[PDB]
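Side chains are part of it too, since the values below use all heavy atoms of this structure and drop only hydrogens, waters and symmetry mates. Within every chain, numbering begins at 1; the chains are lettered A, B, ... in the order of the sequence lines, protein sequences first and strands thereafter. Atoms within a ligand are numbered from 1 in the order they appear, just like the ligands themselves.
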Protein chains: 2
Amino acid sequence: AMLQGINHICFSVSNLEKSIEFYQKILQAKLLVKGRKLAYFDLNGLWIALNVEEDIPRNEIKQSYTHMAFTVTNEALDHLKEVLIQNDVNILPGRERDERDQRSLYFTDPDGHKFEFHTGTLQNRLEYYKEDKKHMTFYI
Amino acid sequence: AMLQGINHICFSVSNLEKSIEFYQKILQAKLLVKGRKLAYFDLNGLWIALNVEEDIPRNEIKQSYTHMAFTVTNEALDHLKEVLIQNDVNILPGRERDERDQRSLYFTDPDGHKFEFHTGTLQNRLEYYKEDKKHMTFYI
Ligand SMILES: [Cl-]
Ligand SMILES: [Cl-]
Ligand SMILES: [Zn+2]
Ligand SMILES: [Zn+2]
Ligand SMILES: [Zn+2]
Ligand SMILES: [Zn+2]
């Protein structure tokens with residue numbers, strides 16, 4: 001095993017001030033460093049970087065389901081939904097879910113990066129799939 | 001603190017077979033589940049999902065520096081470079097670095113998702129910046 005975990009995630013942003021506010025208020029990340037065109041945050045031990053790229057096209061990202069999910073409790077999820085609405089966040093309509101999928105909220109940052117708050121675990125999902133799914137291969 | 005860490009990351013992919021091979025051989029992730037249009041992996045405790053979206057445009061992603069970095073040792077980095085070359089991986093020219101930036105390799109998956117192998121830590125970067133940088137604010 002030559003990799004030793006996530007080191008950092010970096011998001012390209014169009015407006016540093018607007019993005020800092022999102023990362024602080026919505027993702028609850030702690031701002032560590034702010035430069036002209038850069039910011040670093042700690043979110044529960046994860047190093048997040050924002051890098052400003054002002055004039056690049058940001059349309060196609062809307063079509064891709066690439067996304068990052070963070071763990072929240074069921075109680076936290078109901079509160080967070082109102083926080084997202086109060087902050088005029090772009091909330092995405094989620095996919096159809098089985099009860100066994102557990103609950104999620106999907107949304108974006110100002111530049112289209114998709115995020116999720118999720119109340120389940122991988123083990124919930126594997127146990128669900130193993131019980132229910134056909135046309136699938138399980139390797140564990 | 002209402003978030004409890006990364007839950008999962010999901011990548012939209014154009015070709016499931018080709019992407020599975022990349023995630024196994026390049027990122028060293030363990031395949032857990034394969035469906036028609038979905039795969040799940042464990043990479044050192046991180047749940048990675050691949051979701052197939054065949055016909056979406058994937059050009060603009062090339063212009064954005066959004067990326068995910070994984071921790072490797074200096075020795076691992078030299079080996080991994082040859083693994084990337086041997087597998088015809090799209091290796092990106094990195095930015096200029098100070099020695100204190102520590103070493104990195106940057107590359108993409110088949111669909112343009114940018115990744116990095118990095119040999120430093122956040123604390124290395126903060127200590128460097130605090131010693132050297134002007135036009136910056138430090139909050140820790
Ligand atoms: Cl079926
Ligand atoms: Cl200067
Ligand atoms: Zn998800
Ligand atoms: Zn069937
Ligand atoms: Zn990086
Ligand atoms: Zn100066």
Side-chain angles (χ1 to χ4, degrees), chain A residues 3 5-13 33 35-41 46-53 64-72 77 91-98 100-108 113-122 124-126 128-129, chain B residues 3 5-13 33 37-41 46-53 64-72 77 91-98 100-108 113-122 124-126 128-129 132-137:
Chain A
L3 284 58
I6 294 184
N7 186 278
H8 62 272
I9 55 177
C10 174
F11 297 99
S12 170
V13 304
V33 176
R36 181 192 162 178
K37 285 199 179 169
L38 172 168
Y40 293 160
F41 292 85
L46 177 62
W47 178 11
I48 303 174
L50 309 182
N51 284 49
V52 177
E53 299 187 301
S64 165
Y65 194 52
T66 292
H67 69 270
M68 183 173 308
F70 295 100
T71 300
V72 305
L77 192 73
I91 295 175
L92 303 175
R95 64 173 177 82
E96 189 172 339
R97 310 189 79 77
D98 192 277
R100 292 169 287 178
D101 273 309
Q102 305 297 330
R103 295 169 66 218
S104 292
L105 274 166
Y106 295 89
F107 56 98
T108 76
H113 299 112
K114 294 183 167 65
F115 291 105
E116 175 189 354
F117 297 137
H118 183 55
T119 66
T121 67
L122 172 56
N124 300 153
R125 187 66 56 85
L126 298 173
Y128 164 33
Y129 280 15
Chain B
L3 284 58
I6 294 184
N7 186 278
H8 62 272
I9 55 177
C10 174
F11 297 99
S12 170
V13 304
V33 176
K37 285 199 179 169
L38 172 168
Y40 293 160
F41 292 85
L46 177 62
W47 178 11
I48 303 174
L50 309 182
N51 284 49
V52 177
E53 299 187 301
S64 165
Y65 194 52
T66 292
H67 69 270
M68 183 173 308
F70 295 100
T71 300
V72 305
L77 192 73
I91 295 175
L92 303 175
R95 64 173 177 82
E96 189 172 339
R97 310 189 79 77
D98 192 277
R100 292 169 287 178
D101 273 309
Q102 305 297 330
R103 295 169 66 218
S104 292
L105 274 166
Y106 295 89
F107 56 98
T108 76
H113 299 112
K114 294 183 167 65
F115 291 105
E116 175 189 354
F117 297 137
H118 183 55
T119 66
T121 67
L122 172 56
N124 300 153
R125 187 66 56 85
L126 298 173
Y128 164 33
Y129 280 15
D132 185 73
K133 295 290 188 178
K134 276 71 170 192
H135 312 277
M136 184 165 288
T137 303

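Checked by atom type and distance alone, the side chain of B:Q102 never pairs as donor or acceptor with a backbone atom of B:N124 at under 3.5 Å. Looking at A:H118, its side chain does come within 3.5 Å of a backbone N or O of A:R103 through a donor-acceptor pair.
The two atoms that bring A:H67 and A:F115 nearest to each other are CB-N, 4.5 Å, heavy atoms only. Closest approach of B:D101 and B:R125 over heavy atoms only: O-NH2, 3.1 Å. Of all heavy-atom pairs spanning A:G120 and B:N7, the tightest one is O-ND2, 2.8 Å. The two residues A:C10 and A:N51 come nearest to each other via the heavy atoms SG-OD1, 3.3 Å. Smallest separation of non-hydrogen atoms from A:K114 and A:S64: NZ-O, 2.8 Å.
Legend: protein N/O/S atoms lying under 2.8 Å from the Zn ion (ligand 3), waters omitted, number 3.
Within the protein, the N, O or S atoms sitting under 2.8 Å from the Zn ion (ligand 6) are B:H135 NE2.
With sequence neighbours excluded, no residue forms a salt bridge (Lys or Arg N to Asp or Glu O under 4.0 Å) with A:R36. Partners of B:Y40 under the ring pair (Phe, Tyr, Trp, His ring centres under 6.0 Å) rule, at least two apart in sequence or in another chain, are A:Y129, B:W47.
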